[PDB]
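Trainee: One structure follows; several queries about it will come next.
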Amino acid sequence: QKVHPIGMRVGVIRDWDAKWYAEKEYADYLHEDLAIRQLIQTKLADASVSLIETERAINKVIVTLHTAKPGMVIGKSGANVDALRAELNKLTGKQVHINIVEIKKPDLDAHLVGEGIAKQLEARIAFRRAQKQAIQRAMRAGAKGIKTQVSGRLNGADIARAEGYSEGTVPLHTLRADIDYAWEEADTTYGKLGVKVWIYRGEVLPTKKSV
Amino acid sequence: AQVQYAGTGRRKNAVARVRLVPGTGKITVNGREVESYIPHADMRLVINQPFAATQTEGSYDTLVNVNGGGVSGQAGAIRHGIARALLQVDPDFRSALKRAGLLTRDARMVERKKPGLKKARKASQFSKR
Amino acid sequence: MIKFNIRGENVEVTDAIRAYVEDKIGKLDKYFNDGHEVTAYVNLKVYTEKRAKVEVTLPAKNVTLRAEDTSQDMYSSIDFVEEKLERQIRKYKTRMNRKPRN
Amino acid sequence: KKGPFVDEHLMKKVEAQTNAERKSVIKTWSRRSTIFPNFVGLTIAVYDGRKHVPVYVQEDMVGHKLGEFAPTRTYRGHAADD
Amino acid sequence: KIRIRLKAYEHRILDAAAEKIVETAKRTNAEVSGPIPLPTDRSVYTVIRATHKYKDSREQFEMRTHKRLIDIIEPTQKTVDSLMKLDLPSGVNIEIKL
Amino acid sequence: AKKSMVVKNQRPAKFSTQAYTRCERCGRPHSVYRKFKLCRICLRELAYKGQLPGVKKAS
Amino acid sequence: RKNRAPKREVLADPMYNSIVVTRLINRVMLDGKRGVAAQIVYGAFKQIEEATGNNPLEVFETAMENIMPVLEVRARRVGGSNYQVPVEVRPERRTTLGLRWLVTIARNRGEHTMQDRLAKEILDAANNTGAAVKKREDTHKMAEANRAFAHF
Amino acid sequence: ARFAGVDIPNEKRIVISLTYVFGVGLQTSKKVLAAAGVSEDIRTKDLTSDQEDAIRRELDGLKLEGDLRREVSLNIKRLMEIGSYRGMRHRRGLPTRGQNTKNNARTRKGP
RNA sequence: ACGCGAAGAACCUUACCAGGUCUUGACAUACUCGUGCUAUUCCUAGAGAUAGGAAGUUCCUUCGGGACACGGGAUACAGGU
RNA sequence: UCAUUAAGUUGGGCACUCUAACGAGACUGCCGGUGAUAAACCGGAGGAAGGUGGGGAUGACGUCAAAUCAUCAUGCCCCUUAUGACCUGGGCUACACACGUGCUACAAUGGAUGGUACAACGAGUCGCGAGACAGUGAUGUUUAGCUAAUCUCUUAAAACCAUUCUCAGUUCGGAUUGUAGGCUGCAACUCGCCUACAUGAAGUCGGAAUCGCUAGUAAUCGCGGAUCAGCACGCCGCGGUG
């Protein structure tokens with residue numbers, strides 16, 4: 001067994017991705033907006049997913065979005081998330097909201113580093129030098145405690161290989177874990193690849209106290 | 001009646017809003033007897049170490065207001081509510097409050113139980129199959 | 001002795017070599033005092049016997065000890081693993097009898 | 001009970017065989033059947049799932065459902081019981 | 001008789017700082033019974049910590065409810081002109097009643 | 001089977017006596033919070049993340 | 001375990017003035033039924049109150065003399081050579097074991113009420129003979145076999 | 001007669017002195033405890049002199065104790081083969097609730 | 001390992017089987033077409049399915065029709081819990 | 001507290017419940033015997049709390065190839081007339097028999113006699129659902145209130161005195177049963193109950209043994225969720241006694 005850091009942060013120790021309240025249909029709009037978030041992450045299929053926080057509001061919805069860069073994802077000039085935003089209006093039928101914000105430096109994101117290097121694992125990269133390469137890029141770019149994780153499954157193999165350069169002070173048992181973390185399965189004919197990226201630039205993360 | 005002395009002590013999901021009358025030692029709990037609210041249960045005589053036997057003695061008509069708890073709950077509210085209430089009428093009983101305690105309202109209780117466990121300290125049984 | 005629980009947990013049960021189980025645990029009933037409970041729990045699979053798993057657990061009245069061990073043949077697992085139960089009781093002589101060590 | 005409950009299509013075979021002829025079996029379905037006093041003296045089938053059981057009725061058959069007309073709850077039965 | 005619940009699943013996020021956009025209704029108004037921390041209403045979840053087999057342990061999630069009221073007897077409908085603005089968060093369980 | 005056990009209860013059956021509800025990711029059987037319209041087991045798959053004011057560390 | 005981890009204390013009686021009133025509640029009291037327990041204890045000094053009508057401590061303390069032995073036993077081995085080398089523990093534990101004795105014979109007798117078979121053993125405790133003095137001499141006669149201390 | 005004159009105990013109320021009897025009990029034996037006006041009564045080793053003579057036919061409302069025997073008998077022994085989905089289970093011997101007979105109900109089920 | 005998945009499957013819910021039980025597949029993304037508002041509601045029989053009929057479908061934009069794709073000819077393969 | 005009586009409920013009294021939104025509140029903090037010198041220990045006072053006040057969490061390098069092919073999938077297999085389905089009820093829970101398995105008893109602390117006082121107690125004016133009621137109760141008859149710090153829940157039990165059965169297979173002990181009714185739903189046997197009632201079996205304290213229990217800890221008593229039309233001793237948490 002291993003504890004998930006974001007699995008004990010992002011609910012209440014870090015504030016919600018569904019960062020809004022309701023009265024009765026809280027899990028209704030919450031869960032169906034999570035299906036909408038699935039539609040975002042699957043209809044950025046010619047883009048780069050970074051983070052999204054769809055919201056319900058006083059105007060019964062405010063969709064909070066994030067991109068990995070505005071210059072390529074949001075459109076030719078910004079009309080892919082806008083025309084696809086009106087496509088979400090013809091999905092769920094509501095006032096529908098764009099939020100063009102780049103998640104800053106996505107070489108310090110666990111999504112684009114690990115998922116990008118996992119797409120290059122689909123392109124058959126030497127995974128050890130991929131580990132040293134990517135975690136050297138972000139550890140080079142700060143990341144006070146930074147590691148990752150890759151599973152095995154090479155054309156009828158065992159569960160998981162080792163994980164070189166899985167380093168960095170990540171005191172996951174302790175209650176100071178400010179980690180952009182991710183995980184991934186790469187489904188191939190030869191098997192699947194789990195990619196789990198611990199990024200620890202910030203030190204502290206309770207987000208639960210307010211006067 | 002007259003205005004309170006703010007006797008704010010309790011224990012174990014009880015409330016002892018102890019009405020505090022400078023009197024003779026008369027005990028009347030919610031206009032009643034606590035042997036009429038929870039008969040009886042010698043905790044009536046474990047009002048004395050909260051109030052009467054405290055320093056031998058403290059003599060005031062405490063018209064005690066309580067609810068919640070029970071023969072140890074609101075008798076702990078007798079302890080902190082009426083010992084601390086005795087401190088509210090007369091603050092010269094900390095010789096007894098740090099001769100014997102009668103404070104902290106410790107609220108020792110049962111754990112934040114692990115789901116799956118019955119009493120968090122007991123299983124069904126096991127022999128060895 | 002008192003009670004068994006014979007369990008072939010992948011293949012059906014056949015009481016020739018299960019009777020051979022019953023006779024070598026008959027020699028457990030040469031090394032018994034109260035054969036309180038045992039349980040056979042065996043496992044054989046596909047691909048021309050790339051394993052032979054067997055098991056019997058031993059809740060006697062004071063000690064408990066199971067045996068999930070292997071050979072290539074299931075017959076050889078009954079052989080060498082119940083002989084391993086014999087040599088386990090050979091390990092359990094002083095571990096049983098010599099409650100004085102001096 | 002108050003607000004009673006009863007068959008529908010083989011109620012229309014109570015009313016399609018009470019008037020016409022008291023003879024035939026039915027591809028029945030009923031966890032929802034009864035028996036009326038008029039119903040006594042005829043033959044009906046019981047849907048176990050393979051054998052539409054051809055039982056005539058006697059007045060003893062009080063208004064139960066075809067889930068318990070005859071014990072078609074197949075359990076063999078005469079092997080090791082009691 | 002304007003009375004404001006900030007009913008919150010937890011008041012102790014930025015919806016505690018939602019007490020100031022209704023303090024825009026405390027100003028341009030008088031006789032303010034201010035922040036009333038209401039008795040929290042709790043909620044229970046118990047779920048299998050594993051997926052399908054080997055249930056040694058479970059998990060619990062106590063969704064509580066930390067609420068809020070301000071009680072002003074006078075409406076003073078320039079504070080109804082302040083009723084149009086309501087900033088943080090996107091959606092909170094706010095009640096602004098008479 | 002994912003469609004006779006997801007799509008089938010989406011299709012109108014007789015009653016609540018027949019079409020028992022569940023979450024809409026995978027039609028998992030009961031132990032389903034109908035007060036929050038989602039399965040325990042499938043809502044746990046969210047509770048990897050969790051969008052709930054409940055304390056996350058298994059109280 | 002390792003330490004002298006702390007015990008707990010119940011309060012002594014103001015009614016009949018013994019801590020073994022409420023410790024007699026600590027053995028007769030089952031399922032936490034302290035009011036019924038005090039009904040039996042106060043009913044037992046009521047059993048004194050019919051028989052003698054004296055102080056509770058005559059029958060209760062002569063009973064304590066009957067049920068507080070001098071010696072108790074202990075298993076101490078060489079390598080199996082279990083010399084039952086004895087000890088003589090203090091009156092809180094000796095009084096505790098005597099409370100096990102009066103809850104034993106004043107519990108397990110097939111008579112009418114708890115105060116009736118406990119009238120048999122509190123009233124026969126007022127007869128101060130038989131089961132209690134034998135219930136300590138059963139260990140007292142063993143001490144000559146418990147003569148060895150750490151010898152071999 | 002005799003019904004009330006059958007097998008007198010002492011020491012009791014008539015209600016337990018009639019649940020004591022095969023039949024008349026806590027509804028009806030308390031009903032005729034009051035209808036004969038008995039009320040504990042006895043604990044006496046005397047019933048009455050003449051509340052017997054009330055409670056002959058005042059007691060005789062149950063039809064009958066011997067036809068409780070013939071009411072179980074007359075009921076079920078006609079009620080043999082309605083199915084016999086219930087009669088076979090009742091008289092083979094399992095408690096025919098439609099009851100889960102896997103392990104337990106061990107005494108009536110038969111070990 | 002057994003108050004176990006399954007903290008409620010009256011039952012089609014069910015996994016799996018019996019029977020009625022079909023084979024563009026109930027659920028299907030898929031090439032193509034005479035071309036469209038799919039209506040609901042029914043009625044008949046039948047255990048209901050599932051079939052027959054009634055109005056239930058003959059284009060919402062520069063008009064193919066997108067739009068309800070209508071129902072089909074069919075690569076395509078979802079649908080094994 | 002101006003109370004000033006349906007009444008905590010009021011034109012009102014306001015921290016009183018402290019209500020929970022906040023800070024400060026116990027850190028060897030201080031002291032003595034100390035410790036090689038230190039880390040620490042032993043204790044004392046203070047300190048509401050004293051030595052990480054207490055309780056959850058925090059599963060590590062790694063192990064068990066075990067579980068997840070019924071979330072999640074590739075290797076190949078049946079994937080297209082089939083292990084893919086619509087309907088229908090019967091199985092899925094069936095019982096010669098072992099352990100998993102709690103409650104109930106055997107009894108006088110029980111069992112009747114009554115009237116308590118309590119934390120809980122969360123969903124909800126979607127539904128809970130009054131002192132309006134036929135009642136034996138299911139449920140109606142009314143649904144009052146009910147967007148909950150309203151309301152029906154939420155008035156839980158033991159301790160309380162009242163009488164007896166004070167001795168026994170026992171006002172027993174509750175195995176059924178036969179019913180005679182209601183609730184749920186389209187339908188209560190498979191494959192829910194519940195309310196009677198009548199009969200009311202074992203059972204008279206439990207082999208070998210096992211397991212748990214050093215604080216509100218065992219023991220114990222209740223509440224709700226829990227699933228859900230219906231349906232929960234053990235099934236989550238909370239506390240009432242101790």
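Convention: chains lettered A, B, ... in structure tokens order; per-chain residue numbering from 1; ligands numbered from 1 as shown.
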Within 8 Å of residue C:38, counting only C-alpha atoms (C1' of nucleotides), which residues qualify if same-chain residues fewer than 6 places away don't, as a ChimeraX atom specification?
Mentor: /C:3-5,56-60
Trainee: Please list as a VMD selection string every residue within 12 Å of residue B:37, counting only C-alpha atoms (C1' of nucleotides) and excluding residues in the same chain fewer than 5 positions away.
Mentor: (chain B and resid 28 to 32 43 to 44 64 to 71 74 to 75) or (chain J and resid 115 to 118 159 to 160)
Trainee: Could you save those same residues with C-alpha atoms (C1' of nucleotides) as a PDB file, in the first residue's frame?
Mentor:
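Below is the file that was written, selection.pdb:
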```pdb
ATOM      1  CA  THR B  28     -32.126  22.941  43.406  1.00  0.00           C
ATOM      2  CA  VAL B  29     -31.400  21.704  39.888  1.00  0.00           C
ATOM      3  CA  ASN B  30     -33.670  23.108  37.130  1.00  0.00           C
ATOM      4  CA  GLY B  31     -36.177  24.011  39.818  1.00  0.00           C
ATOM      5  CA  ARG B  32     -36.087  20.347  40.844  1.00  0.00           C
ATOM      6  CA  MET B  43     -23.727  11.315  42.453  1.00  0.00           C
ATOM      7  CA  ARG B  44     -26.148  13.444  44.443  1.00  0.00           C
ATOM      8  CA  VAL B  64     -28.527  24.708  38.769  1.00  0.00           C
ATOM      9  CA  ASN B  65     -29.628  24.621  35.132  1.00  0.00           C
ATOM     10  CA  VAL B  66     -28.536  21.457  33.282  1.00  0.00           C
ATOM     11  CA  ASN B  67     -29.458  19.101  30.474  1.00  0.00           C
ATOM     12  CA  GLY B  68     -27.713  16.422  28.454  1.00  0.00           C
ATOM     13  CA  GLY B  69     -25.399  13.644  29.537  1.00  0.00           C
ATOM     14  CA  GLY B  70     -26.399  11.530  32.514  1.00  0.00           C
ATOM     15  CA  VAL B  71     -25.207   9.995  35.771  1.00  0.00           C
ATOM     16  CA  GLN B  74     -24.192  16.008  33.785  1.00  0.00           C
ATOM     17  CA  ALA B  75     -22.580  14.961  37.057  1.00  0.00           C
TER      18      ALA B  75
ATOM     19  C1'   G J 115     -42.945   7.523  34.874  1.00  0.00           C
ATOM     20  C1'   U J 116     -39.155   9.003  33.988  1.00  0.00           C
ATOM     21  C1'   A J 117     -34.317  12.007  31.977  1.00  0.00           C
ATOM     22  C1'   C J 118     -30.527  12.296  28.992  1.00  0.00           C
ATOM     23  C1'   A J 159     -31.220   4.266  38.369  1.00  0.00           C
ATOM     24  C1'   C J 160     -37.037   5.503  40.278  1.00  0.00           C
TER      25        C J 160
END
```
Trainee: Mind checking which residues fall within 12 Å of stretch 49-56 of chain E, counting only C-alpha atoms (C1' of nucleotides), ignoring those fewer than 4 positions away in the same chain, and posting them as number ranges by chain?
Mentor: A: 1, 3; B: 114-117, 123; E: 45, 60-61; F: 28, 40-45, 47-48, 56-59; I: 1-2, 4-6; J: 66-68, 70-72
Trainee: Based on DSSP run over this structure's backbone, return all residues of chain C in strand (DSSP E), as a count of residues only.
Mentor: 14
Trainee: Skipping near chain neighbours, those fewer than 4 positions away, what residues fall within 12 Å of residue G:14 using only C-alpha atoms (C1' of nucleotides), listed as a compact mmCIF listing (two decimals) with N, CA and C atoms, in the first residue's frame?
Mentor:
```txt
# COMPACT_ATOMS: atom_id res chain seq x y z
N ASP B 42 -26.08 8.35 44.07
CA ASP B 42 -24.98 8.71 44.97
C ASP B 42 -24.12 9.81 44.34
N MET B 43 -24.32 10.13 43.06
CA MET B 43 -23.73 11.32 42.45
C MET B 43 -24.38 12.58 42.98
N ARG B 44 -25.59 12.45 43.54
CA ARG B 44 -26.15 13.44 44.44
C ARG B 44 -25.18 13.79 45.57
N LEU B 45 -24.50 12.78 46.12
CA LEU B 45 -23.43 13.02 47.08
C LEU B 45 -22.07 13.15 46.41
N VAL B 46 -22.03 13.14 45.08
CA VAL B 46 -20.86 13.61 44.34
C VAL B 46 -21.32 14.92 43.69
N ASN B 48 -21.18 17.08 46.39
CA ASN B 48 -20.52 17.70 47.53
C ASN B 48 -19.07 18.03 47.23
N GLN B 49 -18.32 17.07 46.70
CA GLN B 49 -16.96 17.35 46.27
C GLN B 49 -16.89 18.35 45.10
N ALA B 53 -18.63 19.63 49.92
CA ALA B 53 -17.39 19.15 50.52
C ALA B 53 -16.15 19.86 49.98
N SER G 18 -16.74 3.04 53.70
CA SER G 18 -15.73 2.10 53.23
C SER G 18 -15.53 2.30 51.74
N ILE G 19 -14.27 2.23 51.29
CA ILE G 19 -14.03 2.24 49.86
C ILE G 19 -14.37 0.88 49.26
N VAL G 20 -14.44 -0.16 50.09
CA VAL G 20 -14.81 -1.49 49.64
C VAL G 20 -16.32 -1.65 49.58
N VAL G 21 -17.07 -0.61 49.96
CA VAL G 21 -18.45 -0.50 49.52
C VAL G 21 -18.51 -0.36 48.01
N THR G 22 -17.81 0.64 47.47
CA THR G 22 -17.84 0.91 46.04
C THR G 22 -16.89 -0.02 45.28
N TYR G 42 -25.93 -1.81 49.95
CA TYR G 42 -26.77 -1.21 50.99
C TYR G 42 -27.78 -2.20 51.52
```
Trainee: With the cut-off set at 12 Å and counting only C-alpha atoms (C1' of nucleotides), tabulate each residue of chain G with an atom at most that distance from an atom of chain J, showing the nearest atom pair and its distance in Å to one decimal, ordered by chain and increasing number, as a Markdown table.
Mentor:
```
| residue | atom | partner | partner_atom | distance |
| --- | --- | --- | --- | --- |
| G:1 | CA | J:214 | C1' | 9.8 |
| G:3 | CA | J:214 | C1' | 11.2 |
| G:4 | CA | J:214 | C1' | 10.6 |
| G:5 | CA | J:214 | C1' | 8.0 |
| G:6 | CA | J:214 | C1' | 8.7 |
| G:7 | CA | J:214 | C1' | 8.2 |
| G:8 | CA | J:215 | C1' | 9.3 |
| G:25 | CA | J:242 | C1' | 10.7 |
| G:26 | CA | J:242 | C1' | 9.9 |
| G:28 | CA | J:109 | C1' | 10.3 |
| G:29 | CA | J:242 | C1' | 8.5 |
| G:30 | CA | J:219 | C1' | 7.3 |
| G:31 | CA | J:219 | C1' | 4.9 |
| G:32 | CA | J:242 | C1' | 3.7 |
| G:33 | CA | J:242 | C1' | 6.7 |
| G:34 | CA | J:242 | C1' | 7.0 |
| G:35 | CA | J:159 | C1' | 5.5 |
| G:36 | CA | J:109 | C1' | 6.2 |
| G:37 | CA | J:109 | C1' | 8.2 |
| G:38 | CA | J:159 | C1' | 10.2 |
| G:39 | CA | J:109 | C1' | 9.3 |
| G:40 | CA | J:109 | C1' | 9.0 |
| G:107 | CA | J:109 | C1' | 11.9 |
| G:108 | CA | J:205 | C1' | 10.6 |
| G:110 | CA | J:167 | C1' | 9.0 |
| G:111 | CA | J:167 | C1' | 7.9 |
| G:112 | CA | J:166 | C1' | 5.4 |
| G:113 | CA | J:108 | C1' | 5.5 |
| G:114 | CA | J:108 | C1' | 7.7 |
| G:115 | CA | J:108 | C1' | 9.9 |
| G:116 | CA | J:166 | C1' | 9.8 |
| G:117 | CA | J:108 | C1' | 11.4 |
```
Trainee: Would you save the residues of that selection, restricted to N, CA, C and O atoms, as a short mmCIF file (atom, residue, chain, number, x, y, z; two decimals), in the first residue's frame?
Mentor:
```cif
data_model
loop_
_atom_site.label_atom_id
_atom_site.label_comp_id
_atom_site.auth_asym_id
_atom_site.auth_seq_id
_atom_site.Cartn_x
_atom_site.Cartn_y
_atom_site.Cartn_z
N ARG G 1 3.97 -5.53 31.05
CA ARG G 1 4.69 -4.64 30.14
C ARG G 1 5.79 -3.93 30.93
O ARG G 1 6.21 -4.42 31.98
N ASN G 3 6.20 -0.89 32.56
CA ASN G 3 6.16 0.25 33.45
C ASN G 3 5.17 0.05 34.58
O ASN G 3 4.45 -0.95 34.65
N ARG G 4 5.15 1.03 35.48
CA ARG G 4 4.11 1.15 36.49
C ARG G 4 3.06 2.13 35.98
O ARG G 4 2.90 3.24 36.47
N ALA G 5 2.35 1.69 34.94
CA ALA G 5 1.31 2.51 34.34
C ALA G 5 0.14 2.66 35.32
O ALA G 5 -0.20 1.70 36.02
N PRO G 6 -0.47 3.85 35.39
CA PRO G 6 -1.30 4.18 36.55
C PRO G 6 -2.61 3.43 36.63
O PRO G 6 -3.22 3.07 35.62
N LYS G 7 -3.04 3.20 37.86
CA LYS G 7 -4.33 2.58 38.15
C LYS G 7 -5.41 3.66 38.16
O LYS G 7 -5.19 4.81 37.77
N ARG G 8 -6.60 3.29 38.62
CA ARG G 8 -7.71 4.21 38.78
C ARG G 8 -8.24 4.10 40.21
O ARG G 8 -7.91 3.16 40.94
N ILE G 25 -19.08 -2.77 44.93
CA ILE G 25 -19.75 -2.41 43.69
C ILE G 25 -18.84 -2.72 42.50
O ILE G 25 -19.32 -3.13 41.44
N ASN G 26 -17.52 -2.60 42.65
CA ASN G 26 -16.64 -2.91 41.54
C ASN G 26 -16.54 -4.41 41.26
O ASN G 26 -15.94 -4.77 40.23
N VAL G 28 -19.56 -6.69 42.32
CA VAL G 28 -20.94 -7.12 42.11
C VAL G 28 -21.54 -6.41 40.91
O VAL G 28 -22.34 -7.00 40.17
N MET G 29 -21.13 -5.17 40.66
CA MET G 29 -21.62 -4.37 39.54
C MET G 29 -21.21 -4.99 38.22
O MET G 29 -20.03 -4.97 37.84
N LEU G 30 -22.18 -5.55 37.52
CA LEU G 30 -21.97 -6.11 36.19
C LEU G 30 -22.90 -5.39 35.23
O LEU G 30 -23.98 -4.94 35.61
N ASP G 31 -22.44 -5.27 33.98
CA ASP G 31 -23.02 -4.41 32.94
C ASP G 31 -23.13 -2.96 33.40
O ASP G 31 -24.03 -2.23 32.97
N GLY G 32 -22.22 -2.53 34.28
CA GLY G 32 -22.24 -1.18 34.82
C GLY G 32 -23.45 -0.84 35.64
O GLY G 32 -23.79 0.34 35.77
N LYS G 33 -24.12 -1.83 36.22
CA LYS G 33 -25.38 -1.60 36.93
C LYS G 33 -25.06 -1.20 38.37
O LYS G 33 -25.18 -1.98 39.32
N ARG G 34 -24.65 0.06 38.51
CA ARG G 34 -24.12 0.56 39.77
C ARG G 34 -25.23 0.82 40.78
O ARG G 34 -25.00 0.68 41.99
N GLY G 35 -26.42 1.20 40.32
CA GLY G 35 -27.52 1.44 41.24
C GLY G 35 -28.08 0.15 41.81
O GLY G 35 -28.43 0.09 43.00
N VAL G 36 -28.20 -0.88 40.98
CA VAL G 36 -28.54 -2.21 41.48
C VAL G 36 -27.44 -2.73 42.38
O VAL G 36 -27.70 -3.35 43.42
N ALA G 37 -26.18 -2.44 42.03
CA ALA G 37 -25.05 -2.86 42.85
C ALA G 37 -25.09 -2.22 44.23
O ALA G 37 -24.91 -2.90 45.25
N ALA G 38 -25.40 -0.93 44.29
CA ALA G 38 -25.57 -0.26 45.58
C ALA G 38 -26.83 -0.72 46.28
O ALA G 38 -26.92 -0.63 47.51
N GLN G 39 -27.82 -1.21 45.53
CA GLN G 39 -28.99 -1.82 46.16
C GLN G 39 -28.61 -3.12 46.85
O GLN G 39 -29.15 -3.45 47.91
N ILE G 40 -27.65 -3.85 46.29
CA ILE G 40 -27.23 -5.09 46.93
C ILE G 40 -26.29 -4.80 48.09
O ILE G 40 -26.35 -5.48 49.12
N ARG G 107 -21.97 -14.82 44.83
CA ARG G 107 -22.68 -14.80 43.55
C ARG G 107 -23.24 -16.17 43.21
O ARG G 107 -24.44 -16.30 42.93
N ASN G 108 -22.40 -17.20 43.22
CA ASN G 108 -22.76 -18.51 42.67
C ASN G 108 -23.32 -19.40 43.77
O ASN G 108 -22.72 -20.39 44.19
N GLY G 110 -27.34 -21.03 44.38
CA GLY G 110 -28.69 -21.12 43.86
C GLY G 110 -29.74 -20.85 44.90
O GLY G 110 -30.41 -21.78 45.38
N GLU G 111 -29.89 -19.60 45.29
CA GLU G 111 -30.91 -19.18 46.22
C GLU G 111 -31.80 -18.14 45.55
O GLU G 111 -31.71 -17.91 44.34
N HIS G 112 -32.66 -17.51 46.35
CA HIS G 112 -33.76 -16.73 45.81
C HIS G 112 -33.30 -15.44 45.15
O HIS G 112 -33.40 -15.31 43.93
N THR G 113 -32.74 -14.51 45.92
CA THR G 113 -32.33 -13.21 45.42
C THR G 113 -30.82 -13.09 45.51
O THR G 113 -30.15 -13.90 46.15
N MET G 114 -30.29 -12.03 44.88
CA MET G 114 -28.89 -11.65 45.07
C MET G 114 -28.62 -11.31 46.53
O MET G 114 -27.56 -11.64 47.07
N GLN G 115 -29.58 -10.66 47.19
CA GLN G 115 -29.46 -10.42 48.61
C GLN G 115 -29.84 -11.62 49.45
O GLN G 115 -29.71 -11.57 50.68
N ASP G 116 -30.33 -12.70 48.83
CA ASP G 116 -30.60 -13.89 49.63
C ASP G 116 -29.42 -14.85 49.62
O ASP G 116 -29.09 -15.41 50.67
N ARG G 117 -28.78 -15.08 48.48
CA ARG G 117 -27.58 -15.91 48.55
C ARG G 117 -26.38 -15.08 48.96
O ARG G 117 -25.42 -15.60 49.56
#
```
Trainee: Would you mind listing what lies within 12 Å of stretch 119-135 of chain A as an NGL selection string, with only C-alpha atoms (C1' of nucleotides) counted and same-chain residues fewer than 2 positions away left out?
Mentor: :A and (48 or 106-117 or 137-152 or 154 or 161-168 or 184-200)
Trainee: Could you pull the residues within 12 Å of stretch 37-46 of chain J, counting only C-alpha atoms (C1' of nucleotides), minus those fewer than 4 positions along the same chain, as a PyMOL selection string?
Mentor: (chain B and resi 98-99) or (chain J and resi 26+28-33+50-51)
Trainee: Could the residues of chain C within 9 Å of chain G, counting only C-alpha atoms, be given as a list in words, please?
Mentor: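 In the required form, that comes to residues 99, 100, 101 and 102 of chain C.
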Trainee: Include C-alpha atoms and write out the residues we just selected as an mmCIF file, in the first residue's frame.
Mentor:
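Result file follows (selection30.cif):
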```
data_model
loop_
_atom_site.group_PDB
_atom_site.id
_atom_site.type_symbol
_atom_site.label_atom_id
_atom_site.label_comp_id
_atom_site.auth_asym_id
_atom_site.auth_seq_id
_atom_site.Cartn_x
_atom_site.Cartn_y
_atom_site.Cartn_z
ATOM 1 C CA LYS C 99 9.879 -28.304 27.296
ATOM 2 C CA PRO C 100 13.036 -28.674 29.360
ATOM 3 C CA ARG C 101 16.093 -27.715 27.348
ATOM 4 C CA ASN C 102 18.364 -28.735 30.216
#
```
Trainee: To one decimal place in Å, what is the distance between atom CA of residue A:57 and atom CA of residue E:76?
Mentor: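 According to the coordinates, atom CA of residue A:57 and atom CA of residue E:76 are separated by 26.3 Å.
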Trainee: For the atom pair atom CA of residue F:22 and atom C1' of residue J:121, what is the interatomic distance in Å to one decimal place?
Mentor: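 Answer for the atom CA of residue F:22 to atom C1' of residue J:121 separation: 27.4 Å.
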Trainee: Could you list the residues in chain A lying within 8 Å of chain F, using only C-alpha atoms, and format the result as a VMD selection string?
Mentor: chain A and resid 4 6 to 12 16 to 19 27 to 28 30
Trainee: Which residues of chain H are close to chain J, meaning at most 6 Å apart when you count only C-alpha atoms (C1' of nucleotides), and how do they look as a ChimeraX atom specification?
Mentor: /H:16,23,72,95,98,102
Trainee: Can you work out the spacing between atom CA of residue C:9 and atom CA of residue C:63 in Å, to one decimal?
Mentor: 24.9 Å
Trainee: Could you tell me, as JSON, numbers by chain, which residues of chain H DSSP assigns to alpha helix (DSSP H) when given the backbone?
Mentor: {"H": [16, 17, 18, 19, 28, 29, 30, 31, 32, 33, 34, 35, 51, 52, 53, 54, 55, 56, 57, 58, 59, 66, 67, 68, 69, 70, 71, 72, 73, 74, 75, 76, 87, 88, 89, 90, 91, 92, 106, 107, 108, 109]}
Trainee: Please return, as a ChimeraX atom specification, all residues of chain J lying within 8 Å of chain B when only C-alpha atoms (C1' of nucleotides) are considered.
Mentor: /J:1,16-17,48-49,54-56,99,117-119,159-160,210-212,216,236-237,240-241
